[PDB]
file entry_11.cif (mmCIF, C-alpha atoms)
data_protein
loop_
_atom_site.group_PDB
_atom_site.id
_atom_site.type_symbol
_atom_site.label_atom_id
_atom_site.label_comp_id
_atom_site.auth_asym_id
_atom_site.auth_seq_id
_atom_site.Cartn_x
_atom_site.Cartn_y
_atom_site.Cartn_z
ATOM 1 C CA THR A 1 -7.440 -15.038 -17.808
ATOM 2 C CA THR A 2 -9.590 -13.462 -15.033
ATOM 3 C CA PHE A 3 -9.187 -10.060 -16.728
ATOM 4 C CA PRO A 4 -8.194 -10.871 -20.299
ATOM 5 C CA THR A 5 -8.251 -7.215 -21.447
ATOM 6 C CA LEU A 6 -5.532 -6.265 -18.980
ATOM 7 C CA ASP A 7 -2.310 -4.992 -20.372
ATOM 8 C CA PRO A 8 0.101 -7.960 -19.939
ATOM 9 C CA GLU A 9 2.565 -5.614 -18.282
ATOM 10 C CA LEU A 10 0.006 -4.835 -15.586
ATOM 11 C CA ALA A 11 -1.405 -8.353 -15.421
ATOM 12 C CA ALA A 12 1.909 -9.318 -13.883
ATOM 13 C CA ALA A 13 1.682 -6.897 -10.953
ATOM 14 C CA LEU A 14 -1.735 -8.299 -10.023
ATOM 15 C CA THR A 15 -0.920 -11.467 -8.126
ATOM 16 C CA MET A 16 0.970 -9.441 -5.481
ATOM 17 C CA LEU A 17 -1.710 -6.766 -5.146
ATOM 18 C CA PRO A 18 -2.822 -6.483 -1.583
ATOM 19 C CA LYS A 19 -6.511 -6.284 -0.657
ATOM 20 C CA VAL A 20 -7.473 -2.796 0.477
ATOM 21 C CA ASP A 21 -10.758 -3.671 2.035
ATOM 22 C CA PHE A 22 -12.768 -0.731 3.366
ATOM 23 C CA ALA A 23 -14.801 -2.961 5.620
ATOM 24 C CA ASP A 24 -11.882 -3.144 8.056
ATOM 25 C CA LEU A 25 -10.676 0.414 8.039
ATOM 26 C CA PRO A 26 -7.743 0.070 10.484
ATOM 27 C CA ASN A 27 -6.301 -2.720 8.428
ATOM 28 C CA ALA A 28 -7.044 -0.910 5.153
ATOM 29 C CA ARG A 29 -5.179 2.087 6.502
ATOM 30 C CA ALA A 30 -2.216 -0.154 7.462
ATOM 31 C CA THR A 31 -1.794 -2.112 4.257
ATOM 32 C CA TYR A 32 -2.207 1.120 2.231
ATOM 33 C CA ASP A 33 0.174 3.067 4.379
ATOM 34 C CA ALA A 34 2.691 0.287 3.859
ATOM 35 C CA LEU A 35 2.067 0.000 0.051
ATOM 36 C CA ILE A 36 3.024 3.723 -0.058
ATOM 37 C CA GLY A 37 5.723 4.200 2.631
ATOM 38 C CA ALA A 38 7.695 1.429 1.004
ATOM 39 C CA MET A 39 7.833 3.709 -2.035
ATOM 40 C CA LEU A 40 8.678 6.917 -0.101
ATOM 41 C CA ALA A 41 11.799 5.414 1.449
ATOM 42 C CA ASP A 42 14.008 5.751 -1.600
ATOM 43 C CA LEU A 43 12.281 8.786 -3.161
ATOM 44 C CA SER A 44 14.671 11.421 -4.534
ATOM 45 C CA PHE A 45 14.118 15.047 -3.687
ATOM 46 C CA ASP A 46 16.956 16.225 -5.919
ATOM 47 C CA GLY A 47 16.329 19.677 -7.350
ATOM 48 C CA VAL A 48 13.345 20.496 -5.101
ATOM 49 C CA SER A 49 12.618 21.475 -1.498
ATOM 50 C CA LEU A 50 9.614 20.734 0.763
ATOM 51 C CA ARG A 51 8.394 22.821 3.639
ATOM 52 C CA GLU A 52 5.199 22.778 5.616
ATOM 53 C CA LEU A 53 2.608 25.517 5.334
ATOM 54 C CA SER A 54 -0.331 26.002 7.673
ATOM 55 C CA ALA A 55 -3.633 27.199 6.120
ATOM 56 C CA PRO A 56 -6.360 28.377 8.543
ATOM 57 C CA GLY A 57 -9.355 26.002 8.373
ATOM 58 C CA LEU A 58 -12.899 27.143 7.544
ATOM 59 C CA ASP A 59 -15.314 27.981 10.420
ATOM 60 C CA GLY A 60 -13.622 26.944 13.668
ATOM 61 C CA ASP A 61 -11.806 24.083 11.992
ATOM 62 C CA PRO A 62 -8.186 23.224 12.772
ATOM 63 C CA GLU A 63 -5.262 24.409 10.607
ATOM 64 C CA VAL A 64 -4.748 22.465 7.368
ATOM 65 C CA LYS A 65 -1.180 21.493 6.760
ATOM 66 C CA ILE A 66 0.235 21.709 3.232
ATOM 67 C CA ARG A 67 3.351 19.923 1.968
ATOM 68 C CA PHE A 68 4.675 22.730 -0.224
ATOM 69 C CA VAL A 69 7.142 21.566 -2.860
ATOM 70 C CA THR A 70 9.172 24.140 -4.748
ATOM 71 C CA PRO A 71 11.764 23.737 -7.483
ATOM 72 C CA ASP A 72 15.272 24.965 -6.585
ATOM 73 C CA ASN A 73 16.923 27.806 -8.580
ATOM 74 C CA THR A 74 13.738 29.258 -9.864
ATOM 75 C CA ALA A 75 13.194 32.916 -10.591
ATOM 76 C CA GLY A 76 9.474 32.787 -9.651
ATOM 77 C CA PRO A 77 6.546 33.742 -9.301
ATOM 78 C CA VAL A 78 5.666 30.352 -10.636
ATOM 79 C CA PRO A 79 2.388 28.524 -11.252
ATOM 80 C CA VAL A 80 1.119 26.272 -8.473
ATOM 81 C CA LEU A 81 -0.721 22.931 -8.456
ATOM 82 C CA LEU A 82 -2.959 22.386 -5.406
ATOM 83 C CA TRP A 83 -2.867 18.586 -5.154
ATOM 84 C CA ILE A 84 -5.216 16.307 -3.206
ATOM 85 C CA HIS A 85 -4.357 12.672 -2.552
ATOM 86 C CA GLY A 86 -6.694 9.746 -2.944
ATOM 87 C CA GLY A 87 -7.806 6.897 -0.677
ATOM 88 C CA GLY A 88 -11.580 6.727 -0.910
ATOM 89 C CA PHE A 89 -12.058 9.704 1.502
ATOM 90 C CA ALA A 90 -11.013 7.458 4.435
ATOM 91 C CA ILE A 91 -7.390 6.424 3.926
ATOM 92 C CA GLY A 92 -4.091 7.976 2.771
ATOM 93 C CA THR A 93 -1.841 10.859 3.689
ATOM 94 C CA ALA A 94 -0.516 13.823 1.807
ATOM 95 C CA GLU A 95 2.984 12.340 1.944
ATOM 96 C CA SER A 96 1.763 9.366 -0.102
ATOM 97 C CA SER A 97 1.617 11.795 -3.069
ATOM 98 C CA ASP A 98 5.136 13.139 -2.601
ATOM 99 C CA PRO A 99 6.461 11.228 -5.679
ATOM 100 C CA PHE A 100 4.078 12.983 -8.061
ATOM 101 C CA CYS A 101 4.420 16.390 -6.389
ATOM 102 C CA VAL A 102 8.215 16.196 -6.606
ATOM 103 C CA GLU A 103 7.902 15.194 -10.272
ATOM 104 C CA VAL A 104 5.766 18.214 -11.110
ATOM 105 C CA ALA A 105 8.049 20.625 -9.245
ATOM 106 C CA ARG A 106 11.243 19.200 -10.750
ATOM 107 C CA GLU A 107 10.094 18.672 -14.353
ATOM 108 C CA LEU A 108 7.772 21.645 -14.777
ATOM 109 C CA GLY A 109 9.280 24.175 -12.377
ATOM 110 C CA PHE A 110 5.921 24.687 -10.666
ATOM 111 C CA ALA A 111 5.162 24.908 -6.958
ATOM 112 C CA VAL A 112 2.960 22.166 -5.571
ATOM 113 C CA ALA A 113 0.703 22.621 -2.543
ATOM 114 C CA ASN A 114 -0.089 19.045 -1.427
ATOM 115 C CA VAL A 115 -3.000 19.225 1.015
ATOM 116 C CA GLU A 116 -3.347 17.246 4.270
ATOM 117 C CA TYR A 117 -7.136 17.100 4.480
ATOM 118 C CA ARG A 118 -8.932 15.436 7.333
ATOM 119 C CA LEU A 119 -10.113 11.860 6.693
ATOM 120 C CA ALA A 120 -13.556 10.350 7.052
ATOM 121 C CA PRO A 121 -15.353 8.891 8.863
ATOM 122 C CA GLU A 122 -13.767 10.803 11.767
ATOM 123 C CA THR A 123 -14.429 14.033 9.782
ATOM 124 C CA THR A 124 -17.407 13.719 7.446
ATOM 125 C CA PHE A 125 -18.426 15.975 4.607
ATOM 126 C CA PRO A 126 -18.234 18.966 4.440
ATOM 127 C CA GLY A 127 -14.973 18.899 6.396
ATOM 128 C CA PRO A 128 -12.604 17.373 3.872
ATOM 129 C CA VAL A 129 -13.675 19.561 0.968
ATOM 130 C CA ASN A 130 -13.654 22.564 3.357
ATOM 131 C CA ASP A 131 -9.994 21.780 4.181
ATOM 132 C CA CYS A 132 -9.123 21.728 0.467
ATOM 133 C CA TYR A 133 -10.937 25.012 -0.153
ATOM 134 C CA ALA A 134 -9.283 26.514 2.903
ATOM 135 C CA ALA A 135 -5.888 25.558 1.460
ATOM 136 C CA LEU A 136 -6.890 27.133 -1.905
ATOM 137 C CA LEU A 137 -8.000 30.365 -0.197
ATOM 138 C CA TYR A 138 -4.724 30.466 1.686
ATOM 139 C CA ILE A 139 -2.383 29.844 -1.262
ATOM 140 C CA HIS A 140 -4.259 32.439 -3.346
ATOM 141 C CA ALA A 141 -4.258 35.088 -0.594
ATOM 142 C CA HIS A 142 -0.590 34.526 0.263
ATOM 143 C CA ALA A 143 0.598 33.983 -3.355
ATOM 144 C CA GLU A 144 3.123 36.808 -3.431
ATOM 145 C CA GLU A 145 4.769 35.795 -0.185
ATOM 146 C CA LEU A 146 4.826 32.215 -1.421
ATOM 147 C CA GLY A 147 6.331 33.032 -4.809
ATOM 148 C CA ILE A 148 3.158 31.922 -6.586
ATOM 149 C CA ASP A 149 1.468 33.428 -9.641
ATOM 150 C CA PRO A 150 -2.168 33.717 -8.471
ATOM 151 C CA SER A 151 -3.368 33.783 -12.072
ATOM 152 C CA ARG A 152 -1.958 30.258 -12.636
ATOM 153 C CA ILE A 153 -3.373 28.027 -9.921
ATOM 154 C CA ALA A 154 -4.309 24.470 -10.889
ATOM 155 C CA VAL A 155 -6.484 22.258 -8.608
ATOM 156 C CA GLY A 156 -6.105 18.507 -9.040
ATOM 157 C CA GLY A 157 -6.244 15.144 -7.337
ATOM 158 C CA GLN A 158 -6.515 11.385 -7.762
ATOM 159 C CA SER A 159 -9.522 9.086 -7.024
ATOM 160 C CA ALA A 160 -11.294 10.561 -3.927
ATOM 161 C CA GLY A 161 -8.809 13.433 -4.229
ATOM 162 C CA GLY A 162 -10.148 14.012 -7.742
ATOM 163 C CA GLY A 163 -13.663 14.215 -6.284
ATOM 164 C CA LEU A 164 -12.423 16.649 -3.642
ATOM 165 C CA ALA A 165 -10.624 18.613 -6.409
ATOM 166 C CA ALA A 166 -13.782 18.764 -8.545
ATOM 167 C CA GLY A 167 -15.836 19.837 -5.517
ATOM 168 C CA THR A 168 -13.263 22.446 -4.554
ATOM 169 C CA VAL A 169 -13.284 23.793 -8.142
ATOM 170 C CA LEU A 170 -17.107 23.990 -8.121
ATOM 171 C CA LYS A 171 -16.924 25.815 -4.766
ATOM 172 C CA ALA A 172 -14.224 28.218 -6.067
ATOM 173 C CA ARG A 173 -16.330 29.127 -9.066
ATOM 174 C CA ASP A 174 -19.494 29.544 -7.063
ATOM 175 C CA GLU A 175 -17.935 31.750 -4.365
ATOM 176 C CA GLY A 176 -16.054 33.984 -6.841
ATOM 177 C CA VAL A 177 -12.982 34.626 -4.685
ATOM 178 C CA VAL A 178 -10.225 32.435 -6.138
ATOM 179 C CA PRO A 179 -9.730 32.073 -9.920
ATOM 180 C CA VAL A 180 -8.689 28.514 -10.914
ATOM 181 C CA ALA A 181 -6.703 28.307 -14.185
ATOM 182 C CA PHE A 182 -6.760 24.506 -14.661
ATOM 183 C CA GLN A 183 -8.449 21.393 -13.248
ATOM 184 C CA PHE A 184 -6.694 17.993 -13.208
ATOM 185 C CA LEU A 185 -8.816 14.965 -12.366
ATOM 186 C CA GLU A 186 -7.184 11.540 -12.297
ATOM 187 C CA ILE A 187 -9.496 8.507 -11.975
ATOM 188 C CA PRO A 188 -11.858 10.775 -10.005
ATOM 189 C CA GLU A 189 -14.535 9.560 -7.509
ATOM 190 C CA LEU A 190 -17.450 11.859 -8.383
ATOM 191 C CA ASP A 191 -20.859 10.200 -7.981
ATOM 192 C CA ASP A 192 -22.284 8.584 -4.835
ATOM 193 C CA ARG A 193 -25.232 7.056 -6.684
ATOM 194 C CA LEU A 194 -23.315 3.995 -8.025
ATOM 195 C CA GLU A 195 -25.673 3.691 -11.003
ATOM 196 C CA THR A 196 -23.327 3.664 -13.965
ATOM 197 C CA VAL A 197 -22.661 0.404 -15.783
ATOM 198 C CA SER A 198 -19.053 0.248 -14.564
ATOM 199 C CA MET A 199 -20.276 0.760 -11.020
ATOM 200 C CA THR A 200 -22.893 -2.004 -11.304
ATOM 201 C CA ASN A 201 -20.623 -4.484 -13.144
ATOM 202 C CA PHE A 202 -17.210 -4.051 -11.499
ATOM 203 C CA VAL A 203 -17.845 -5.936 -8.220
ATOM 204 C CA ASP A 204 -14.332 -7.427 -7.703
ATOM 205 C CA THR A 205 -11.963 -5.530 -9.983
ATOM 206 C CA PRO A 206 -8.424 -4.696 -8.754
ATOM 207 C CA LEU A 207 -8.092 -2.253 -5.828
ATOM 208 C CA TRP A 208 -11.486 -0.482 -6.298
ATOM 209 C CA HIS A 209 -14.817 -2.176 -6.792
ATOM 210 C CA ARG A 210 -18.455 -1.702 -5.977
ATOM 211 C CA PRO A 211 -18.156 -2.948 -2.338
ATOM 212 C CA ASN A 212 -15.404 -0.411 -1.619
ATOM 213 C CA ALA A 213 -17.392 2.324 -3.414
ATOM 214 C CA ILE A 214 -20.412 1.818 -1.137
ATOM 215 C CA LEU A 215 -18.294 1.935 2.022
ATOM 216 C CA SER A 216 -16.308 4.972 0.791
ATOM 217 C CA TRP A 217 -19.335 7.178 0.262
ATOM 218 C CA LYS A 218 -20.921 5.985 3.520
ATOM 219 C CA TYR A 219 -17.769 6.906 5.492
ATOM 220 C CA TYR A 220 -17.568 10.311 3.794
ATOM 221 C CA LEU A 221 -21.202 11.427 3.916
ATOM 222 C CA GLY A 222 -21.916 10.014 7.378
ATOM 223 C CA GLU A 223 -24.379 7.931 9.369
ATOM 224 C CA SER A 224 -27.331 10.090 8.249
ATOM 225 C CA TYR A 225 -26.747 9.697 4.546
ATOM 226 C CA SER A 226 -29.314 7.278 3.314
ATOM 227 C CA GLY A 227 -27.740 6.147 0.029
ATOM 228 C CA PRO A 228 -28.060 6.856 -3.699
ATOM 229 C CA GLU A 229 -31.591 8.043 -3.481
ATOM 230 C CA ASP A 230 -30.752 10.599 -0.825
ATOM 231 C CA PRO A 231 -31.895 13.983 -2.254
ATOM 232 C CA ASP A 232 -29.815 15.990 0.197
ATOM 233 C CA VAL A 233 -26.301 15.473 -1.210
ATOM 234 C CA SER A 234 -24.150 18.546 -1.860
ATOM 235 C CA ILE A 235 -22.716 19.064 -5.339
ATOM 236 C CA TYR A 236 -19.425 19.735 -3.529
ATOM 237 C CA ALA A 237 -19.568 16.190 -2.066
ATOM 238 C CA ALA A 238 -20.626 14.488 -5.324
ATOM 239 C CA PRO A 239 -19.795 16.757 -8.286
ATOM 240 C CA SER A 240 -21.662 14.470 -10.712
ATOM 241 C CA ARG A 241 -24.875 15.832 -9.103
ATOM 242 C CA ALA A 242 -24.122 19.348 -10.285
ATOM 243 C CA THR A 243 -26.323 20.551 -13.146
ATOM 244 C CA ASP A 244 -24.456 23.731 -14.151
ATOM 245 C CA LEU A 245 -20.901 23.005 -15.276
ATOM 246 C CA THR A 246 -20.429 26.216 -17.222
ATOM 247 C CA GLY A 247 -17.533 28.508 -16.441
ATOM 248 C CA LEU A 248 -15.375 25.756 -14.886
ATOM 249 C CA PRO A 249 -11.645 25.755 -15.756
ATOM 250 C CA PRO A 250 -10.000 23.870 -18.689
ATOM 251 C CA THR A 251 -9.799 20.305 -17.424
ATOM 252 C CA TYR A 252 -7.832 17.095 -17.881
ATOM 253 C CA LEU A 253 -9.703 13.898 -16.822
ATOM 254 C CA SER A 254 -8.328 10.347 -17.051
ATOM 255 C CA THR A 255 -10.134 7.038 -16.456
ATOM 256 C CA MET A 256 -9.062 3.381 -16.461
ATOM 257 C CA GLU A 257 -10.747 0.513 -18.256
ATOM 258 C CA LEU A 258 -11.387 -1.861 -15.353
ATOM 259 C CA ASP A 259 -12.134 0.880 -12.781
ATOM 260 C CA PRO A 260 -15.701 1.103 -11.388
ATOM 261 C CA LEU A 261 -15.210 4.940 -11.474
ATOM 262 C CA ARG A 262 -14.621 4.887 -15.246
ATOM 263 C CA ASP A 263 -18.095 5.746 -16.449
ATOM 264 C CA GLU A 264 -18.755 8.617 -13.989
ATOM 265 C CA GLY A 265 -15.408 10.115 -15.065
ATOM 266 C CA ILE A 266 -16.249 9.904 -18.795
ATOM 267 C CA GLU A 267 -19.753 11.262 -18.135
ATOM 268 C CA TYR A 268 -18.456 14.233 -16.154
ATOM 269 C CA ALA A 269 -15.911 15.031 -18.874
ATOM 270 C CA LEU A 270 -18.625 14.837 -21.525
ATOM 271 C CA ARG A 271 -20.910 17.167 -19.553
ATOM 272 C CA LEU A 272 -18.060 19.622 -19.018
ATOM 273 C CA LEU A 273 -17.449 19.649 -22.784
ATOM 274 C CA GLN A 274 -21.161 20.101 -23.449
ATOM 275 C CA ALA A 275 -21.078 23.083 -20.995
ATOM 276 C CA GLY A 276 -18.382 24.741 -23.186
ATOM 277 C CA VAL A 277 -15.410 23.838 -20.985
ATOM 278 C CA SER A 278 -12.133 22.879 -22.727
ATOM 279 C CA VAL A 279 -11.493 19.231 -21.739
ATOM 280 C CA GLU A 280 -8.932 16.524 -22.454
ATOM 281 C CA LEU A 281 -10.531 13.168 -21.689
ATOM 282 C CA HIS A 282 -8.440 9.972 -21.811
ATOM 283 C CA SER A 283 -9.694 6.493 -20.913
ATOM 284 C CA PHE A 284 -6.637 4.244 -21.014
ATOM 285 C CA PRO A 285 -6.965 0.666 -22.335
ATOM 286 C CA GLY A 286 -6.166 -2.470 -20.387
ATOM 287 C CA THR A 287 -5.765 -0.616 -17.072
ATOM 288 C CA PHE A 288 -7.390 -0.702 -13.624
ATOM 289 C CA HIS A 289 -7.982 1.678 -10.730
ATOM 290 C CA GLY A 290 -4.477 2.580 -9.450
ATOM 291 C CA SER A 291 -2.542 0.727 -12.183
ATOM 292 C CA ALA A 292 -0.464 3.910 -12.475
ATOM 293 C CA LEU A 293 1.261 2.552 -9.360
ATOM 294 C CA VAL A 294 2.898 0.060 -11.790
ATOM 295 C CA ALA A 295 5.049 2.892 -12.988
ATOM 296 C CA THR A 296 7.275 0.769 -15.166
ATOM 297 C CA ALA A 297 4.461 -0.342 -17.489
ATOM 298 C CA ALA A 298 4.448 1.420 -20.855
ATOM 299 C CA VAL A 299 0.741 2.417 -20.459
ATOM 300 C CA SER A 300 1.564 3.924 -17.035
ATOM 301 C CA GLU A 301 4.595 5.758 -18.513
ATOM 302 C CA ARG A 302 2.397 7.153 -21.295
ATOM 303 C CA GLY A 303 -0.190 8.304 -18.726
ATOM 304 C CA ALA A 304 2.459 9.938 -16.543
ATOM 305 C CA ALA A 305 4.073 11.773 -19.431
ATOM 306 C CA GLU A 306 0.707 13.034 -20.581
ATOM 307 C CA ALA A 307 -0.183 14.219 -17.070
ATOM 308 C CA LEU A 308 2.915 16.454 -17.073
ATOM 309 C CA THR A 309 2.200 17.663 -20.610
ATOM 310 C CA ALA A 310 -1.374 18.513 -19.584
ATOM 311 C CA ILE A 311 -0.390 20.425 -16.450
ATOM 312 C CA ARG A 312 2.443 22.219 -18.247
ATOM 313 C CA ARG A 313 0.105 23.429 -20.960
ATOM 314 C CA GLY A 314 -2.823 24.115 -18.654
ATOM 315 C CA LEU A 315 -0.629 26.579 -16.631
ATOM 316 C CA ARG A 316 1.167 28.296 -19.556
ATOM 317 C CA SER A 317 1.720 32.033 -19.214
#
call {"tool": "encode", "arguments": {"input": "entry_11.cif", "output": "C-alpha cells"}}
result
Amino acid sequence: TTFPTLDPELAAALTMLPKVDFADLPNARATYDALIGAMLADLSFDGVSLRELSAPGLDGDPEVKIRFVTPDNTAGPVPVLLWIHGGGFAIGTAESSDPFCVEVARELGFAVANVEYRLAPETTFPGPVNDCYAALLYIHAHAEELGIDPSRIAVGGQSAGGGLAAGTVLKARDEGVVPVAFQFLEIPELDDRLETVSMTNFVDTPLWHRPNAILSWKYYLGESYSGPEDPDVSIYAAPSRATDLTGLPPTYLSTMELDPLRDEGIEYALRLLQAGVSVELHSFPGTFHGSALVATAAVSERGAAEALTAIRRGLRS
C-alpha cells in the first residue's frame, strides 16, 4: 500500500530490499557488492568464455580492463556490445554485470566488452567516460585481432552506465573515429539538474531516489561542481544537456515507473526521435529503479527478452 501501482510480483521483493545509501559510500559499496556477488556465485558460463583485455587509457591514464565475453564455437567476426555497469558513478564493478554479458554472448552469439571504468569520487569526470571511450577506441582498433566486426559495435549500459554509454556515444560521434551501430540505454542517469517531475517527486522510492541522485552527481562531477545551475557541465557528463542529437545511432531506451530517472530517460528518447534518430522507447508499468534484479517477475522477464530482441536487431548484418 506504500506503492500501490507496483506490480504485485515486485511488491513482494521489496521488504527485503537493502538500503543503498550514497551518504555512507563504504557501506553502500559493501551492501551493493554483496547484493551482486551473491548472484555471481552460481552463475553459469556454459557456452561462453571470458578473458581480460587491457585498453590503454586516455592521456596518461592507467589501462582500462575489459571483461571480454565470447560465445564458444562461433565462426566470427561477430558484432560486439561494449557494456558499462551501473552504480550511480560511485559503486559497482564490471563483474556485477557478468550475468547480462554472458546472456548476450550465449543467446545472440555476440562478443561483449564489459568495461571496468574507474569510480568516483576517487576519479571524477572526465575520467570515467574517458575510460569507456578508451575501451571503445581499443575494441574498434583491434577488432580484427579480437574477432569483432567493427561495423557492428553497440554501446550500452544501465543507470549511471547508461549515462556513461550515452556520453561515450556523443563523444564517438563528435570525434569521428569510431562508428557506433547501436545504442542501448537501460534506466539511464542522464541529467544532473534534477528538475524533472520524477526527480522532484520520487524522494524515497526503491533503490534510487532524489537524495541518492544528488549525491551521485556530486561524487561524479567533483567538489567544484556547484549544482544544477552550474553552466560548466560537459554534455559527455550529462547527455541531457546536449542540444544536437542528430546523427546518433539507432537507440533502445527503457525506463521504470517509480524511478526518479524515468522522466529524463523519456525526454532524451523523445529528443532523439525528434532529431531523426530511430528509437525504441519503453517505460514499463509497475516497476522501480533496478526491479529487473527481480528476474523471476513476468514484467522483468518481458524486459529482458525485449533487451535481447533489441540488441539482436540493432546489430543485424
call {"tool": "closest_residue", "arguments": {"input": "entry_11.cif", "among": "A:40, A:233, A:199, A:13", "to": "residue 264 (chain A)", "atoms": "only C-alpha atoms"}}
result
A:199
call {"tool": "closest_atom_pairs", "arguments": {"input": "entry_11.cif", "of": "region 150-226 of chain A", "to": "region 249-254 of chain A", "cutoff": "6 Å", "atoms": "all atoms listed in the file", "output": "CSV"}}
result
residue,atom,partner,partner_atom,distance
A:181,CA,A:249,CA,5.8
A:182,CA,A:249,CA,5.2
A:183,CA,A:251,CA,4.5
A:184,CA,A:252,CA,4.9
A:185,CA,A:253,CA,4.7
A:186,CA,A:254,CA,5.0
A:187,CA,A:254,CA,5.5
call {"tool": "atom_distance", "arguments": {"input": "entry_11.cif", "atom1": "CA of residue 171 (chain A)", "atom2": "CA of residue 125 (chain A)"}}
result
13.7 Å
call {"tool": "closest_residue", "arguments": {"input": "entry_11.cif", "among": "A:257, A:7, A:24, A:103", "to": "residue 304 (chain A)", "atoms": "all atoms listed in the file"}}
result
A:103
call {"tool": "atom_distance", "arguments": {"input": "entry_11.cif", "atom1": "CA of residue 104 (chain A)", "atom2": "CA of residue 161 (chain A)"}}
result
16.8 Å
call {"tool": "residues_around", "arguments": {"input": "entry_11.cif", "residues": "residue 242 (chain A)", "least_positions_apart": "6", "cutoff": "12 Å", "atoms": "all atoms listed in the file", "output": "number ranges by chain"}}
result
A: 166-167, 169-171, 174, 190-191, 233-236, 248, 268, 271-272, 275
call {"tool": "decode", "arguments": {"input": "entry_11.cif", "residues": "region 92-104 of chain A", "atoms": "N, CA, C and O atoms", "output": "compact mmCIF listing (two decimals), in the first residue's frame"}}
result
# COMPACT_ATOMS: atom_id res chain seq x y z
N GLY A 92 29.93 -0.31 -7.66
CA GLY A 92 29.78 -1.35 -8.69
C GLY A 92 31.10 -1.69 -9.34
O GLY A 92 32.09 -0.94 -9.32
N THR A 93 31.14 -2.86 -9.94
CA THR A 93 32.23 -3.45 -10.64
C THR A 93 31.75 -4.01 -11.97
O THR A 93 30.57 -4.35 -12.16
N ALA A 94 32.67 -4.12 -12.91
CA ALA A 94 32.29 -4.79 -14.15
C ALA A 94 31.77 -6.18 -13.88
O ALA A 94 30.79 -6.55 -14.55
N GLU A 95 32.36 -6.93 -12.94
CA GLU A 95 31.86 -8.32 -12.80
C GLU A 95 30.40 -8.37 -12.41
O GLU A 95 29.68 -9.35 -12.64
N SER A 96 29.88 -7.33 -11.78
CA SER A 96 28.48 -7.32 -11.36
C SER A 96 27.57 -7.44 -12.58
O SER A 96 26.42 -7.87 -12.38
N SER A 97 28.04 -7.10 -13.78
CA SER A 97 27.23 -7.27 -14.99
C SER A 97 27.54 -8.57 -15.74
O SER A 97 26.99 -8.77 -16.84
N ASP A 98 28.35 -9.44 -15.17
CA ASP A 98 28.58 -10.71 -15.87
C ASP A 98 27.30 -11.46 -16.25
O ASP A 98 27.26 -11.97 -17.37
N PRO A 99 26.25 -11.52 -15.44
CA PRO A 99 25.05 -12.28 -15.87
C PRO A 99 24.50 -11.84 -17.21
O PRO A 99 24.28 -12.64 -18.12
N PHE A 100 24.34 -10.53 -17.37
CA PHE A 100 23.80 -9.99 -18.62
C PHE A 100 24.77 -10.21 -19.77
O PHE A 100 24.36 -10.55 -20.89
N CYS A 101 26.06 -9.99 -19.52
CA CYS A 101 27.03 -10.12 -20.63
C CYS A 101 27.10 -11.57 -21.13
O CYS A 101 27.21 -11.83 -22.32
N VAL A 102 27.05 -12.52 -20.17
CA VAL A 102 27.00 -13.93 -20.57
C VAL A 102 25.74 -14.20 -21.38
O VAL A 102 25.76 -14.89 -22.41
N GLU A 103 24.61 -13.65 -20.92
CA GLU A 103 23.35 -13.87 -21.65
C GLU A 103 23.42 -13.44 -23.10
O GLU A 103 22.99 -14.11 -24.06
N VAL A 104 23.97 -12.23 -23.30
CA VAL A 104 24.08 -11.69 -24.67
C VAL A 104 25.00 -12.59 -25.51
O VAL A 104 24.67 -12.92 -26.65
